[PDB]
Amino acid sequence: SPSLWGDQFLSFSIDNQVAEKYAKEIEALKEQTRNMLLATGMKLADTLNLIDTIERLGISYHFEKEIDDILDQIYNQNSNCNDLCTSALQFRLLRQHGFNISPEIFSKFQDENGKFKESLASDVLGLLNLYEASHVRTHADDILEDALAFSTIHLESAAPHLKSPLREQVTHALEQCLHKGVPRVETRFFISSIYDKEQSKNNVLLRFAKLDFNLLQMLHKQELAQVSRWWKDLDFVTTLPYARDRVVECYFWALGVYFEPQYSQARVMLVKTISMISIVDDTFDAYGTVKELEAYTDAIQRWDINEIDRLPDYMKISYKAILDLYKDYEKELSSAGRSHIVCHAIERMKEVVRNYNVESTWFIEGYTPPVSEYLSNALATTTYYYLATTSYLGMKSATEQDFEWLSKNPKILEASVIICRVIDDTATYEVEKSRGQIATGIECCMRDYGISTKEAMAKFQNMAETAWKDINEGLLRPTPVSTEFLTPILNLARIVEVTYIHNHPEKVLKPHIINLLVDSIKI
């Protein structure tokens, strides 16, 4: 199937004066907001609500300093808000920021038995904040064992009769929690659908939110244009017709990983890699013969233009483009003097390809390995180790030590990869089955444990839950590396959750792309 965008994003001219107009007013709105944070004499509930709203509006990235300092004090000053609402929110914010706040704060809301007091089933704002908090738990938070089921069942019961926009905020939460959703996608929904219709809205913050979102969108649109040009200048739609045309979608993913303007170069470098490996994938999946794929795999491992001759003409195209890309990366990084870090991404790509070849081998033989062995190859084929490594390329502050840490397959990274694999397998199962892919995960899980499809998918679901608790734990201080390098990994897992919601294709991404890159927010 072809791209349904056309050349809609191929050309974008920024309204220079509009940008300056917005940028100038934002600085003023930025200062007003800062003073709202640096403000003195505020209740706990009010301070946490301020932080939460600024974050949901997608503007918190301007007050990384301010918000941190405030949450730090709250952590240290351990409060006693007998309000479920403020407690759950206090818990979530701190946890999301790496503050290992004790889950004992919830015991006051549950009986001797250790279960949530059902007397709270009429505190909708409490249930909602508890619901959101339930997704930020780790393995040491069994006190929150049934917080999801509890808050969920009562919110569903309450929802139909709630006033707007609360009703829509709740209904949306039940379909997509905040912690596991894509930042820009959730920010878009909050600004446009909730806060804008909020009667108690703060006009300074709402205007600040809309202007910023729209200004960043102009930046994103410029980037997607440069990329759409770069992709067009390669012309893989006529030269390599078996490969998918999804550069726009590949950009949405780079955007899910990070949206900040400071990560402009990284995001562009990333989208290029995602698009490139997207071709290599289709090369192993739809086209290419066994004999052909081994030569491709082999050439990638050697990594030298001298190997092109050994490859069929069509694989010569892909292969040459791959080295040029990494050649382009080294040049961009030359200025900063970080040109050397490119090798890390390269070594990961080889790993993906090496495993792509293995995947096809298993397909031909009709091999159905045990889960242990299956995952030993299937994890890298998610490309997440490769994408996460690529993430650091454009991040001007990423050091050799950071790449060093990442190369050891840290648990947070490992968990992100597992979520991707597991979710993908549950969704694409029924499809790949009919294609003769008896090498799929759910198939291996059924043959290994001697269980049905449901049980297998259930076992996989638990693997993703375990994986999320691990990501949440991996964010707690002291973090192995700066949070700056953990977020991309966190975002990769969120993208998976967002793409395979309810485990269909670009039909799921279309609305997000329109709301994020096509339509601007009406002021």
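In this text, residue numbers run from 1 along the sequence as written.
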property	result
Gap size, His504 back to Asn503 (deposited sequence, no coordinates)	4 to 9
Mean C-alpha B-factor comparison - 219-227 and 307-315, higher one	307-315
Which of 201-209 and 392-400 has higher mean CA B factor, as the PDB entry lists it	392-400
Out of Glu186, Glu332, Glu175, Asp425, highest CA B-factor residue	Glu332
Out of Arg421, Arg354, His161, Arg435, highest CA B-factor residue	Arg435
CA B-factor ranking of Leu4, expressed as a third of its chain	highest
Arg34 - which third its CA temperature factor falls in, relative to the rest of the chain	middle
Chain thirds of CA B-factor: placement of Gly41	highest
Ranked against its chain, the third holding the CA B-factor of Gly98	middle
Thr440, C-alpha B-factor rank within chain (lowest, middle or highest third)	highest
